[PDB]
Every structure is written in C-alpha cells, then in structure tokens.
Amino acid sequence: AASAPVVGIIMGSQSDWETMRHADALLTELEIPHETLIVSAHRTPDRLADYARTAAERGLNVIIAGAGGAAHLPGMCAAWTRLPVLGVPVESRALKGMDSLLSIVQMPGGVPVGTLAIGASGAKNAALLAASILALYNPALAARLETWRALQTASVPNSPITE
C-alpha cells in the first residue's frame, strides 16, 4: 500500500517522454508513489476511457497528462474522472506548442484542466503542483515540499557569472 500509486502520469506517445520525464523525476525526488504510462486519446480512446474512469477507485488522487499538437488527452481524461487533472502542453514542431497550449487550457466551464507551461518547465511544475495538492493531507510530504521550496530559494545566486 506504501508503494501504491497516488499520481498517474500519462502521455500521448514516446515522443512526449522527453518532456514528461521531468514530472516523473520530480515525483520520485519527493518520494511520491506514481505510475507512468502511454495513453493516446486518438489512437487508444477506449484505453483512455477505462484509465480515467477507474483512476479514483484504483487509488489515484491526481492525474498529470501531457500531449502535443491537437492535444486532447488532458481534456478527455478530465471528462471521465472526478479527480483533478493537470495538463502539460508538449512543444510541437511547427507551432512551438501554441496549438498544444490552446487545445489544453481553453476548456469550457464545467470540465477543468489545470494547465502548466509549454515543455519541460510545465512537466516539472505539474509534478510540483500535484505534490502541493497531496501535501494538504500528507504531513510528511508537506515537510519535504517545504524543504524543497526553501532550498530552491536559498540556492539562487546573488550575481551572475560574467565569465
């Protein structure tokens, strides 16, 4: 039960891994049990439906979904689960993730997707946001998160390295 996943990281394809691995790494650093899978809204719609519908009963508390282009994975996941869904816009080749961003963040009232920045920063922040959500009812994790945020602030240099 201590190893049971509480966060699910899903992505449309292997090409999205270069970006989503940043979410995986952060969750591991904060000792947050999670699962990482590939789920395509367009190629495996039934797999997505089943995954999202059963997420809560399986013990998941937060879902982090990443996709690029006509990015529908986060939005459709949210349509099937009552759990909070965080979306990461994967940078696209031509439109640099603008298509990914608008397709994820512009959800109409009624079905939310908490959206993060385009790319690696967004993936890392999706993990951090998930951690902050979990920290609300996990004192141990809250402490680890506090230490992490504190270290981040303390590690900022006062002046740049002018070579």
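The first residue of the shown sequence is 1; numbering continues from there.
Here 117 to 125 and 24 to 32 are compared by their mean Cα B-factor, and 24 to 32 comes out higher. The mean C-alpha temperature factor is higher for 146 to 154 when 5 to 13 and 146 to 154 are set side by side. The residue among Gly110, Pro45, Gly69, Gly59 whose C-alpha atom has the highest B-factor in the PDB entry is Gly59.
Residue-level temperature factors show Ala130 in the middle third of its chain, judged at the C-alpha atom.
Annotation for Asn138: C-alpha temperature factor in the highest third relative to the rest of the modelled chain, per the entry.
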